[PDB]
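> Sequence plus experimental coordinates follow:
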Amino acid sequence: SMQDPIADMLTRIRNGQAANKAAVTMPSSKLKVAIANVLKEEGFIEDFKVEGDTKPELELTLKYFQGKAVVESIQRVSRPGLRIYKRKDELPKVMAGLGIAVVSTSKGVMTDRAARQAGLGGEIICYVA
Amino acid sequence: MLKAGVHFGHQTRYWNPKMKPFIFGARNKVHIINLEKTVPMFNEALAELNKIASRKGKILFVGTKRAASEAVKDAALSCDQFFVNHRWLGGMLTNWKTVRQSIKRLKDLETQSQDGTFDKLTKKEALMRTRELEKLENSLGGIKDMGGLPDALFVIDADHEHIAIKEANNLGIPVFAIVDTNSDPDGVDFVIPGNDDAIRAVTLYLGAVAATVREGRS
Amino acid sequence: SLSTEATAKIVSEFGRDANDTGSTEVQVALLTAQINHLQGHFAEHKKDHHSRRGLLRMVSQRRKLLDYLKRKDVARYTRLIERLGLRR
RNA sequence: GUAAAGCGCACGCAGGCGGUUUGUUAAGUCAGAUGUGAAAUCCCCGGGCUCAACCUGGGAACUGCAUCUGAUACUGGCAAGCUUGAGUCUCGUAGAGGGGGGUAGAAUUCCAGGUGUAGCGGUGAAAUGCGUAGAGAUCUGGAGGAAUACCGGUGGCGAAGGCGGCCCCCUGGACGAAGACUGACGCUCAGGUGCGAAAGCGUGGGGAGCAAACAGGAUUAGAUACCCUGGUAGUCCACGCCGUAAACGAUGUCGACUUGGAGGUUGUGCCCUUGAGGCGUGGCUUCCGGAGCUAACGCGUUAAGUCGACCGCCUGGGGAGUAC
Ligand SMILES: [Mg+2]
Ligand SMILES: [Mg+2]
Ligand SMILES: [Mg+2]
Ligand SMILES: [Mg+2]
Ligand SMILES: [Mg+2]
Ligand SMILES: [Mg+2]
Ligand SMILES: [Mg+2]
Ligand SMILES: [Mg+2]
Ligand SMILES: [Mg+2]
């Protein structure tokens, strides 16, 4: 059963880009959306939206570029049953900077560089390069 | 794209999830080539041919299928435009270096029968050499006057001329095919979804494209 | 499975009101029925292993059901047990 | 998957993991600070022995443990709900699913008798064997045991093993439909529990056919075999024991995404239903196959593709699944 909702979003995305699928959908939620917002304000997807009233949806429109899809590498990190929490100076550097690492800080779902510069640690989430 | 009302779609239900973004409908089982998105590529893609076509663009036409074949000659021969309507050879493009050897032969042998130079030898060895042209000209004909890889290329339907397409892109030759439903477009950089045959669909775009290729040279 | 009559009947007796089979307490009782009854069918034959599966399955389900009740409302839990003479 | 390696299969305690919204907390988590983290090593910058080894000044490091102050996104505690997960109900759906009891017809063998006469049976040939004490064949009556031709299939059901005539009785599960209801009650699971083909073991029954053993006969150089003529255990039954299999998809379970084509199976919505006809849309199941994966063979929306939760197992071959 859905023991890890986060992964699904990530998995759903990578699979889409590989399937040339326009966008993607899924039952949104606090974190789900917040995470997507990072992918948006960074450059990995066209945009995103939360449809439905009682039942949350998610119009996570995947983005593409030239003769290839945007997201070329996106995996989980702080997976369940093996949560990973790191400090400010203990934050990884996805693809030497070219990529990004979505991290959950006490301030919000920031990015490696972001939270890092702010001066605070946080639970990683993925290495969407 | 008004004339497009003379070819519509084709192929029952075999198609290919790759040509899906180009299907108007599927009435009476058989799909329907989305003529609406075919128009944009009709010209845009066609216009590009005129480009290189301007400088004696060696536009090589392809199509061995019954209908096309007999017609390919006319449309292409309308000018420098080369063509091949008798089953593509294995390497006539990539292995041009070795394939050409037949071209030279066909040429010299062609002249043999041309002027007073073929008449001689026993009917056996005499008529034997006739056979050669009876075939060499069948495939080497629409290329014998070609001096190396064509400036570009243009085939009727890729799904059948697969071999041709491969040799092209393998050498780095642009591809313009009119593949329909049951056809892999990924092998063509300029796809033109349209009936792979149809008495009109063939002759139509044939001379239609030949225009900007023969009439399009300044 | 269970007698339509006895089924609906046993429901109203524990239902939070009426026509609420899904009700927690309800499930237990309704389940305990075929449970306490199958005993006979099983007492006889005995080698009806395949049928045992259904029993053992629904049996374990009762537990997994009661534990819940005791977790989200110690009240109802301690009650139902009584009316059903459960817990040893 | 085939190289070493998916427990034969289930149920499930501990354990691990936990859909969703808000509030609350602030334990994990992050930050700041204060302790403590001996010195010497190590490291960087710098000195002193002609240099170097060496000695040394300072700092960094000491990944750590604790206390205090906060931060609240995430995990967790709590309270309150939510409904998509799971389950309950109603209604149908098909079925070699299970236990018990009946029961029919086809054939086999055997017994009795009628008819009839010199063969039958068997093989590659034979031979043993059965026949004049009358076989075989044929007809009539009867005794009994085991198994259900046809339907029947790429079929169906089941956790696995496995399960086919028909009839009833007791009984479990799976599926669709509209909805009505409970409200995360879930997934997985070491140990544990239970189910386990065949052969085998115990007690007591039953015994037609087949058949280890055994006995002849033939084959052969030999033939403790294959082949022939007989034939015991057993096979069948009841209750108990034994737990193994190439217990095989040689592929653990649960959940989510990822182009297609062809066909079987059963449920359901709709169409002059005017038709079996057509369209959809669920569960299951074969075949081909793309992407991708693969050492290749191959797998391919029923994955061995792309991910997540949990478990089992592998670490060269022989010795050895042997000894103790
Ligand atoms: Mg082996
Ligand atoms: Mg192995
Ligand atoms: Mg297995
Ligand atoms: Mg020290
Ligand atoms: Mg919380
Ligand atoms: Mg046995
Ligand atoms: Mg025995
Ligand atoms: Mg099945
Ligand atoms: Mg395949």
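Thanks, I have it. Numbers count the residues shown, from 1 in each chain, chains lettered A, B, ... in the order given. Ligands and ions are numbered 1, 2, ... in the order given.
> how about stretch B:166-178: buried residues?
Under the neighbour-count criterion of 16 or more other C-beta atoms under 10 Å in any protein chain shown, stretch B:166-178 has B:166-168, B:173-178 buried. All C-beta atoms are positioned from the backbone trio N, CA, C, and that covers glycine.
> so residue B:10 touches residue B:28, yeah?
No. With contacts counted by C-beta atoms under 8 Å, residue B:10 stays clear of residue B:28, the gap being 11.8 Å.
> More neighbours: those two, which one.
In this view residue B:10 and residue B:28 are compared by other C-beta atoms under 10 Å in any protein chain shown, and residue B:10 has more residues nearby, 20 against 7.
> Who are the contact partners of the more buried one?
Shown in contact with residue B:10 (C-beta atoms under 8 Å, 6 or more residues apart in numbering or on different chains): B:30-31, B:33, B:180-181, B:195-198.
> now it: how far from RNA strand D?
Using C-beta to the nearest atom of the strand, to the nearest Å, residue B:10 is found at 16 Å from RNA strand D.
> Check residue C:21 too.
3 Å.
> Leaving out the residues flanking it, which one is nearest to that residue?
Closest residue in space to residue C:21, ignoring its immediate chain neighbours: residue C:11 at 5.4 Å, by C-beta to C-beta, 6 or more residues apart in numbering or on different chains.
> Please report which of the contacts of residue B:10 has the highest neighbour count.
When neighbours are taken as other C-beta under 10 Å, the top entry among the contacts of residue B:10 is residue B:180 (30 neighbours).
> Could you tell me how many residues sit around the residue lying closest to residue A:98 once chain neighbours are set aside?
Closest residue to residue A:98 in three dimensions, ignoring its sequence neighbours and counting by C-beta to C-beta, 6+ apart: residue A:129, at 6.6 Å. Number of residues near residue A:129 (other C-beta under 10 Å) recorded here: 17.
> I figured residue A:129 hits residue A:74, correct?
Yes. Contact criterion C-beta under 8 Å: residue A:129 and residue A:74 qualify, at 7.3 Å.
> Quick check, the residue in chain C closest to RNA strand D?
Relative to RNA strand D, the nearest point of chain C is residue C:22 (1.6 Å; C-beta to the nearest atom of the strand).
> One more: chain B?
Counting by C-beta to the nearest atom of the strand, chain B gets nearest RNA strand D through residue B:17, at 3.1 Å.
> How much space separates that residue from residue B:185?
Distance, residue B:17 to residue B:185, using C-beta to C-beta, to the nearest Å: 11 Å.
> neighbour count winner among those two?
Using other C-beta under 10 Å as the criterion, residue B:17 and residue B:185 rank with residue B:185 on top: 19 against 6.
> How about the more buried one: what's its closest non-neighbour residue?
Of all residues not flanking residue B:185 in the chain, residue B:191 sits nearest, at 4.3 Å (C-beta to C-beta, 6+ apart).
> got the contact list for that neighbour?
So residue B:191 contacts B:22, B:41, B:45, B:177, B:179, B:185 (C-beta under 8 Å, 6+ apart).
> swap the cut-off to 7 Å and go again
B:41, B:177, B:179, B:185 (C-beta atoms under 7 Å, 6 or more residues apart in numbering or on different chains).
> Pop out the phi and psi values for it.
Residue B:191 adopts backbone torsions of phi -80, psi 140, taken as degrees, to the nearest 10.
> Does the longest helix along chain C reach RNA strand D?
Counting by DSSP state H, the longest helix found in chain C is helix C:49-72. Yes. Counting by C-beta under 7 Å from any atom of the strand, contacts between helix C:49-72 and RNA strand D involve C:49-58, C:60-61, C:63-65, C:67-68, C:71-72.
> Emit the PyMOL select command for whichever of the residues you listed are buried.
Only the buried entries of those go into this PyMOL selection, using 16+ other C-beta under 10 Å:
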select buried, chain C and resi 55+58+65
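> Send me stretch A:43-53 as CSV with only the CA atoms.
Output in CSV follows, covering the C-alpha atoms of stretch A:43-53 (Å, rounded to 0.1, in the frame of the first residue of the first chain):
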residue,chain,number,x,y,z
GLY,A,43,12.9,24.8,-13.7
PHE,A,44,11.9,21.2,-14.2
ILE,A,45,8.2,21.4,-15.0
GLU,A,46,5.9,23.8,-17.0
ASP,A,47,3.7,24.5,-13.9
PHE,A,48,1.4,22.8,-11.4
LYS,A,49,-2.1,23.1,-10.0
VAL,A,50,-4.3,21.5,-7.3
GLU,A,51,-7.7,20.5,-8.7
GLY,A,52,-10.6,19.0,-6.9
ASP,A,53,-12.4,20.3,-3.8
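> quick revisit: helices or strands next to the strand or helix carrying the residue nearest to residue C:21 in the packing?
If you go by DSSP states H and E, residue C:11 is part of helix C:4-12. On a contact count with 3 or more C-beta pairs under 7 Å, 6 or more residues apart in numbering or on different chains; DSSP states H and E, helix C:4-12 meets helix C:24-43.
> Count the residues that sit near residue A:6.
20.
> Double-check that it belongs to a helix.
Yes. According to DSSP: H, G, I helix; E, B strand; the rest coil, residue A:6 belongs to a helix.
> What segments of chain A are helices?
For chain A, the helices defined by DSSP H occupy A:5-19, A:30-40, A:112-118.
> Just send these back as JSON lines, with distance to residue C:28 too.
Formatted as JSON lines, the helices of chain A follow (distance: least, C-beta to C-beta, whole Å):
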{"stretch": "helix A:5-19", "distance to residue C:28": "32"}
{"stretch": "helix A:30-40", "distance to residue C:28": "35"}
{"stretch": "helix A:112-118", "distance to residue C:28": "50"}
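> Alright, that wraps it up for me.
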